[PDB]
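So you can see what is in the structure, the chains are spelled out below.
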Amino acid sequence: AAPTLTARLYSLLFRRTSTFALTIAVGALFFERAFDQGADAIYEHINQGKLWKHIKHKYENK
Amino acid sequence: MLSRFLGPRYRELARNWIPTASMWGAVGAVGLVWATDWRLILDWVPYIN
Amino acid sequence: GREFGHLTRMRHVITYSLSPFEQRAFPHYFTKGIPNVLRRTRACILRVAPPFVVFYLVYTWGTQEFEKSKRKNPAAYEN
Amino acid sequence: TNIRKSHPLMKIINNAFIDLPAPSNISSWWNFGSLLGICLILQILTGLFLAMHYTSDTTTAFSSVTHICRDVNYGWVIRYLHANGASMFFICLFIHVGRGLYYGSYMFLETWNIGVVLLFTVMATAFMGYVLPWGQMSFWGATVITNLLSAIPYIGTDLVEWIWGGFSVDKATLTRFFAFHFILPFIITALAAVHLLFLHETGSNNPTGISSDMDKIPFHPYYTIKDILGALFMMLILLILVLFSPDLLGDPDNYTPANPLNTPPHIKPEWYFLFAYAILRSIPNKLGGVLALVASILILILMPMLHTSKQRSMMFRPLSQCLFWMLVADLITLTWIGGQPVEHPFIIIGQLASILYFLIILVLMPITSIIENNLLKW
Amino acid sequence: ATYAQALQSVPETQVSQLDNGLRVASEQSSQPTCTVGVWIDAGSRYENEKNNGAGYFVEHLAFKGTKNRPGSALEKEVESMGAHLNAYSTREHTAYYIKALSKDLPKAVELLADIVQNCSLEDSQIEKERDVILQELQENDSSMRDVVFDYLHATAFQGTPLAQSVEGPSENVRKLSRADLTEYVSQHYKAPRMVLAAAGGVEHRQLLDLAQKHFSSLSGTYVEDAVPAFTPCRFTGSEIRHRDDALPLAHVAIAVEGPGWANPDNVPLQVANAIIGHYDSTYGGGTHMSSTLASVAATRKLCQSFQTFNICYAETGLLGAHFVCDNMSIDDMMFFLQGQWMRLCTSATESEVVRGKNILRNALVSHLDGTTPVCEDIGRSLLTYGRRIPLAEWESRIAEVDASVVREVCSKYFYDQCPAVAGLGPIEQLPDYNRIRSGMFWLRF
Amino acid sequence: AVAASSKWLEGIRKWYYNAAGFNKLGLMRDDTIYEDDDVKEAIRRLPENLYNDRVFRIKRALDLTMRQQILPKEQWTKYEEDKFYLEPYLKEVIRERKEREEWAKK
Ligand code: HEM
Ligand code: HEM
Ligand SMILES: COC(=O)N(OC)c1ccccc1COc1ccn(-c2ccc(Cl)cc2)n1
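Residues numbered from 1 in each chain as written, not as in the entry; some residues may be left out. Chains lettered and ligands numbered in written order. Part of a larger assembly, values for the part shown. Heavy atoms only, no water.

Structure determination for the deposited model, as stated in its record, used cryo-EM, and the stated resolution is 2.37 Å.

Structure below.
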C-alpha cells in the first residue's frame, strides 16, 4: 500500500500550523515575478505590432 | 513584583514556544517587502529582478 | 445583571422621607449655607493654594529678568 | 406588559439612562462626561456648514475662510461657534481626565484605556483643522511637526511626502489634512459607545472611593435634571465668548496670510497645545523631542501599574493631594512657557518643568502612597 | 524494606503445557483459600451476523447441568463446601472460575473440566433461557452508561465484527437453535485457545497432574485444523446522536483510535490519562484537586462525573473520555476537555508527569490484592501478551517516561485527528461535528 | 523599630489620623479600604454582627457626603478606639493565595 505524492511536506512544515498564520507574508512568492509567463506575454501576442513599444524603433535615433 | 516569570518550573515556558518562532522574528524581512516596493532582500538572491 | 433587586444584602436599617410638595424647596440658605461653605474653604486651603503661589513667584521673576537682559542698559554700556 | 421593559429597542434605553443604578453622593465633577458628548455633537452640526462652502488649496484657502464671515449668510456666528467650541471641548476634557486621576477611576482598566485612545484622536484631529485656514500660525506650526516626523530614521522621509499631497506646500497638501479631519470625528463617536459599554459593567465610582451598592438611586429623575442644568450653564459661557469677544482665544498673526514671504515675529499654537510645544522645544534633538511628545500623553496608561495605596481615591490622602496640585501648577507653567520666545530665562525654566512633570507621576507619587500606608499602621 | 526490594520478593508465575496445547499457570502465596478458572479466546468479535448472540447464550447454560451432574446437582455440590461460581463475557474473552478452600482443589478442577467439555445444552433449558435473556435486555436499556458505550463501538467500527454487542440483537435471541450452540463450542472451546490459571494456596506440580487427569481428552489438533483467520478492524470518525428530552441528564462519550495490547505506547498514554483524571460530585477534594478539569467542574458545578478510558484490543483500541451533565452544560464540558488534550500535545510539564507516574504505580499494585484479581491477571495476560509481565518490568517501563515522551505520544494520537462521538438524552447543546473536529488543532502550535 | 522615637513617631501617626478625615464621617479605618479580590473574600468571611455594622457606617457616610456635611465633634471616631476588625481575616486570605502560588512554580 504505497501512497501517492500528497505527503507534500506535511510532516516537515505543515503539521504544527506555523505555516498557516503567515502565508500572507512567508508563503507568498512564486506568483508575481514567476507570472511573467501570464498576462503580459499573452496580451502583447494578441496585439502584435499595435502597441507603442512595438512601433518604437521607427521613431528614435533618427 | 512581577516575579511570576521567576520560577523553577516555568523555565520550560520558553522552550516549548520558541521552536515555533525560529523565523518569526524575521518574517518582516520575508513578508512585508512583498508589499513595500523596496529592495531589502531583493539583492540577496538572483531569484528576483 | 446590575438591577435594583440584585445588588447587596442589608438588615435592620430604617429610612423616613417627606413628599416634595409637603416641604419648602429653600430651607436655611444663608443661615446654614454661609457657615458651611466657609469651613469647607478652610479644610482645603492648605492643600490647593501653596502650589499656585509658587507659580506666581516664578512668573514675576521670569518676566522681570527677561526685560533687563534685553534692551534695558543703564551702566554696563561703555567702552 | 410594561412596554419600557419588554420592547427590544426601548429596553436598551431604559437600562442605559432611566433605571440605571447610580451612587447618591455623585458631585458636579461627574457632570463633564455628558458635557463632552454635547461638545462633540455641536462640533458635528457646525462642521457641516464649513465644509460645504470650502476649497482647500495653497492659492485660495486663506480667502475661502474670509468669504464666510462676510458673504456667506450666518457664517460669522457659525465659524466662531466652531473655533470656540473646540476650546470648550478641550477644557471639558482636561477636567474630565483630572477627575479620574484624582479619584482613582483608572482602576476601571478597560474604560481608562479606551479613554487614552480618545485623548490621542481629538488631539490629532484639532491639529489638522488649524492647518486648514492657512495663515502664518498654520504654516510654521505644521512645518515643525514634519521636522520631527522626518527624524524617524527609516520610513520618515517617505511618510511626510505621502501626507503632504506629494511634494511640499502645494494644492494637494490640504486634501490629505482635510481628509484626516472630516473623518476622524466619527471614529470618536464609535469609540464613545464602546467606552460607555465597559463602564456599564461596574457602574460609577464616587468621591469616597468606597463601593456604594447599599445606597443606589435611579438615574431618572435625579441626574437627568442635573445634567440638563449643567449643560445650560455651558451654553451660557459659550455664547458669551461668541457674542461678546469672539477673538479672545486666538492669535492675530493667523490673520496675516500664509506664504513663505517672511519669518513671523513668533510661532505659537492654540492654548491647548502650549504645554506640549513647550516640552519638545526644550530638547535640542529632533528625535529626543518627538519621543517625549508621545511620552507625555501615553504615560497615562502606567497609572494602574504605579498605584501603591491601600485606598482608591485621594479624599483621605492629604500628602497625595499636595502632589496633585503641584502637577496642575506645573502644567500652567508649561502653557505660559510655550508662548514665550526661546531666550535666557525661558529655557532653564521650560526644561526643569519638563523634568518635574515626569518626576511626579513616576517617582514621587508611588513613594508617597507607601509612606501614607505606613502611617496608618498597615 | 524498600519498594524496590519488595518488587523483587514477589513470587513468580510458573507456566507449563500439555500435549494438546493447554497452558497451565500458577502463583503460590501461602494462604488457606484459592481461585481457579479457565480463560478462553472466544467472544462476539468471532461471531458473524447470523449467530451474534451465541457466546452469551452459552454462558447462561454453563451452570444448568452437565452429563454427569444433571440439573441442580452441580449447584448443590458447590454450595455444600462453601464455594462460589462466577462467569463473564467480553468482546474477546470468556471466563469461568471458582473460589474455594485450598484443600478442595481436586474437586474444584474436576467440576471446571466437566463444565467446559461435557455441558448439556438441553432443549427444555433452551426456550426458557430465551425469556430470561429477553428480560435482561430490557433492563440494560435503563442503564445509560452501558447504552452509550455500545453506541461508541457501533459507530467507531461500523462495518466490522468489533461493532457488534456481546448480547446480540433481540431477533437473534428469538431464533438461536440447539444446533447453533453446539457448533459454537466445537469451533471455539479448543485447547490451544484455553488457559487454566490458579492463585492462592496451590502447588504447581499438583495442578499439573490434575490437568493431565481431567483435560487430556481435549482435542489438540482438529478436524482439518485450518488456522483461525483474524480479520482486523478499521476506525471511522463519525457520530451518533439519540435525542430524548424526557431524560434528566445527558451522557456523552468521545474517543480517538488508540494502540493495541502489545504496543509499547500504552504505558505513556496511561500516564497522560492519569493527568486528566476522574471526578464525581461525592468527592471531598473538590476545588483543590490537582486535575484542572476536575477543579473547574467542582467550582462551577458543570457536571455530575467524568472519567478517562484506555480500551485495548489485539490491533486497535479506543482512547477518550465520558461525562454526565445537564442540558445547559454540554458545550462548556466539551470546550474544557478538548483544551486539556491540546495542552498535553504541547506544553506538558515535568511536574505533571511525576504525579501521573505515581498514580499509575499505585493503581497497578492496588489491583493485585486478593486471589481473584491475581488469578484473572494470570489468565488474560497469557492470552494477550503470551506471558505474565511481572511488577518489576512494569516499573522499569514507567521510569523511562518523561515530559518530552508524553508530548510525542499525545501528538501522535490526538493532534489533528477525527474522533468518534456518542450522545444520549437532552443533547440539543451538543456541538456540531465541524465544531468538534476544529477543536483538535490550535491556532499557534 | 526604634526605641528613641517611640512617642515621637506616634505623634505623627495621630496627626495623620486627624488630617485624614474619615473619622469626621464616623468611619473606621477598615471601612475605607479598596476592595480588590482578596478584600472581597475577607468581607464574605465576616460574622453577621460585624458585617451589619460595616454596612450601616458606610451608608451613613455616603449620605453625609451627598449633603456636604459632617457629624458633630462628639460623634467622631476616636484614634484609640478604632477597631481593625478586618485585618485578621485579610492576612489569612493572602497567606492562602501565596501558598497556591509557590505550588504552581514548584
Ligand atoms: C470624547 C471623549 C469622551 C467622552 C464622550 C466621555 C464620556 C464619558 C461619560 C458619559 C462618562 C460617564 C459620566 C461621568 O462620569 O462623567 C465617562 C466616564 C469616565 N470616563 Fe470618559 N469620556 C471621554 C473621554 C475620556 C478620557 C480622555 C478618559 C481618560 C483618559 C476617560 C475616562 C473615563 C473614566 C475613567 C470614567 C469613569 C469615571 C468614574 O465613574 O469615576 N474618558 N466618560
Ligand atoms: C471633534 C470634533 C472637531 C474638532 C475638535 C474641530 C476643530 C477645529 C478647529 C481647531 C478648526 C480651526 C478653526 C480656525 O482656526 O478658525 C476647525 C475648522 C474646520 N473644521 Fe473642525 N473640528 C471638529 C469637527 C469637524 C467636523 C465634524 C468637520 C466636517 C464635517 C470639520 C471640518 C472643518 C473644516 C473644513 C474647518 C475649516 C473651516 C474653518 O477653518 O473655519 N471639523 N475645526
Ligand atoms: C491648533 O493647531 C495647532 O495648535 N497647531 O497645528 C496646526 C500648531 C500651530 C503652530 C505651532 C504648533 C502647532 C501644533 O503644536 C503642537 C504641539 C503638540 N502638538 C500635537 C499635535 C497632535 C498630537 Cl496627536 C499631539 C501633539 N501640536
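A.B. asks: Looking at this structure, how should I read the coordination of the iron atom of ligand 1?
C.D. replies: For a metal with four tetrahedral donors the ideal donor-metal-donor angle is 109.5 degrees, while six octahedral donors give ideal angles of 90 or 180 degrees. All names here are of chain D. All of the protein donors around the iron atom of ligand 1 are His96 (NE2) and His195 (NE2); their distances to the metal are 2.7 Å. For the iron atom of ligand 1, the six donor atoms in the first shell make angles of 81 to 179 degrees at the metal, so the coordination geometry reads as octahedral. Of this pair, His96 sits in helix α5 (residues 76-102) while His195 sits in helix α11 (residues 184-199), placing them 99 residues apart in sequence. A relative accessible area of 22% places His96 in the partly exposed class. (Donors = N, O, S within 2.8 Å, 3.2 Å for Na, K, Ca; no water. Tetrahedral: all angles 85-135°; square planar, octahedral: opposite > 155°, others 65-115°. Helix = DSSP H or I, 4+ residues; strand = E, 2+ residues; numbered from the N terminus. Buried < 20%, exposed > 50% of the residue type's maximum accessible area, 1.4 Å probe, protein only.)

A.B. asks: Explain the packing of helix α2 (residues 32-42) of chain D against α5(D) here, please?
C.D. replies: Between two packed helices, what matters for the description is the angle formed by their axes and the separation of those axes. Residue and element names in this part refer to chain D. Between α2 and α5, the shortest axis-to-axis distance is 9 Å and the interhelical angle comes to 155 degrees. Between α2 and α5, the crossing angle belongs to the class labelled roughly antiparallel. In this structure, α2 meets α5 at a crossing whose hand is left-handed. Judged by residue contacts, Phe32, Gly33, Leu35, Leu36, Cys39 and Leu40 of α2 engage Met88, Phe89, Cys92, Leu93, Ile95 and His96 from α5. Counted by class, the contact of α2 with α5 contains 10 nonpolar, two polar and no charged residues. (Axes fitted to C-alpha atoms, helices over the stretch in contact; angles between N-to-C directions. Parallel < 35°, antiparallel > 145°, perpendicular 65-115°, else oblique. Left-handed = near helix turned anticlockwise from the far one by under 90°. Contact = heavy atoms within 4.5 Å. Nonpolar A, V, L, I, M, F, W, Y, C, P; charged D, E, K, R; others polar.)

A.B. asks: Explanation requested: the site of ligand 1 in the structure shown.
C.D. replies: Residues and elements named next belong to chain D. As a structural note, the neighbourhood of ligand 1 is formed by 19 residues, with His96, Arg99, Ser105, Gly115 and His195 the closest of them. Measuring from a nitrogen atom of ligand 1, one finds a side-chain N or O atom of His96 at 3.2 Å. In this structure, a nitrogen atom belonging to ligand 1 sits 3.1 Å away from a side-chain N or O atom of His195. Elements represented by at least two residues in the shell around ligand 1 include exactly α2, α5, α6 (109-130) and α11. Sort the elements by how many residues they give to the shell around ligand 1 and α6 lands first, with five residues. Of the residues belonging to the shell around ligand 1, the class tally is 10 nonpolar, eight polar and one charged. (Near = heavy atom within 4 Å. Polar contact = N/O pair within 3.5 Å; in protein donor to acceptor, adjacent residues only side chain to side chain.)

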